[PDB]
Amino acid sequence: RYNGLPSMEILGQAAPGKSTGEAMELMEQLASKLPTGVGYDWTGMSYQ
Amino acid sequence: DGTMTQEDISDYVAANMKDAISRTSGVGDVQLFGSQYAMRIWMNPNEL
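Sequence lines, in order, name chains E and D.
Counting from 1, position 48 in the first sequence corresponds to residue 48 in our numbering; the numbering is continuous, with no gaps.
Counting from 1, position 24 in the second sequence corresponds to residue 72 in our numbering; the numbering is continuous, with no gaps.
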């Protein structure tokens, strides 16, 4: 669970010669195409 | 849109909004104007 709601943590990283912020933009785009009632957030290293 | 009553709205706020708002930056106490749903067993003493 994350912030009181059911969750699933997903770890990953940027491919060679790609910034982390650029890698995160794609995960946000892919997350927008998921089913109804599914959101997302960033935690840990990605939060700060 | 007349789909949700006063009671339906209060439950949605209680069960999806209140907790996250109550853990938000700089938020002290949080008062719900309404009540969360519970399973109500409305007993009948004649049938009992």
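Heads up, the beta-carbon is just placed ideally off N, CA and C, and yes, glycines get one too.
Distance, Cα to Cα, residue i vs residue j?
i        : j        : result
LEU30(E) : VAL75(D) : 32 Å
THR72(D) : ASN92(D) : 43 Å
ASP56(D) : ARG88(D) : 15 Å
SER46(E) : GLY17(E) : 18 Å
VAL38(E) : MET27(E) : 13 Å
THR36(E) : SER7(E)  : 15 Å
Under 8 Å by Cβ, that's how I've got residue i and residue j pegged, so tell me the actual separation to the nearest angstrom.
i        : j        : result
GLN79(D) : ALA63(D) : About 16 Å separates the two Cβ atoms, so there is no contact after all.
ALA86(D) : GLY4(E)  : 19 Å between Cβ atoms; not a contact.
Beta-carbon within less than 8 Å of residue i's beta-carbon, same chain only, minus the 5 sequence neighbours each way: which residues are those?
i        : result
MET52(D) : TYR60
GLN54(D) : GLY82
Report the option in the options whose CA atom is closest to the CA atom of residue i.
i        : options                                  : result
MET24(E) : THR36(E), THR43(E), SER7(E) and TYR2(E)  : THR43(E)
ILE10(E) : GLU22(E), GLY17(E), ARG1(E) and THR36(E) : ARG1(E)
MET65(D) : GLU95(D), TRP90(D) and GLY82(D)          : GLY82(D)
Quick check on residue i - is its C-beta less than 8 Å from some C-beta in chain D?
i        : result
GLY44(E) : no
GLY4(E)  : yes
Quick check: is the beta carbon of residue i nearer than 8 Å to any beta carbon in chain E?
i        : result
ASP67(D) : yes
Looking only at its own chain, which residues have a Cβ that is under 6 Å from the Cβ of residue i, when we skip the five neighbours before and after it?
i        : result
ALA14(E) : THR20 and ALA23
Kindly list the residues whose CB is nearer than 7 Å to the CB of residue i, restricted to its own chain and excluding five residues on each side of it in sequence; keep chain order.
i        : result
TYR40(E) : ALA31
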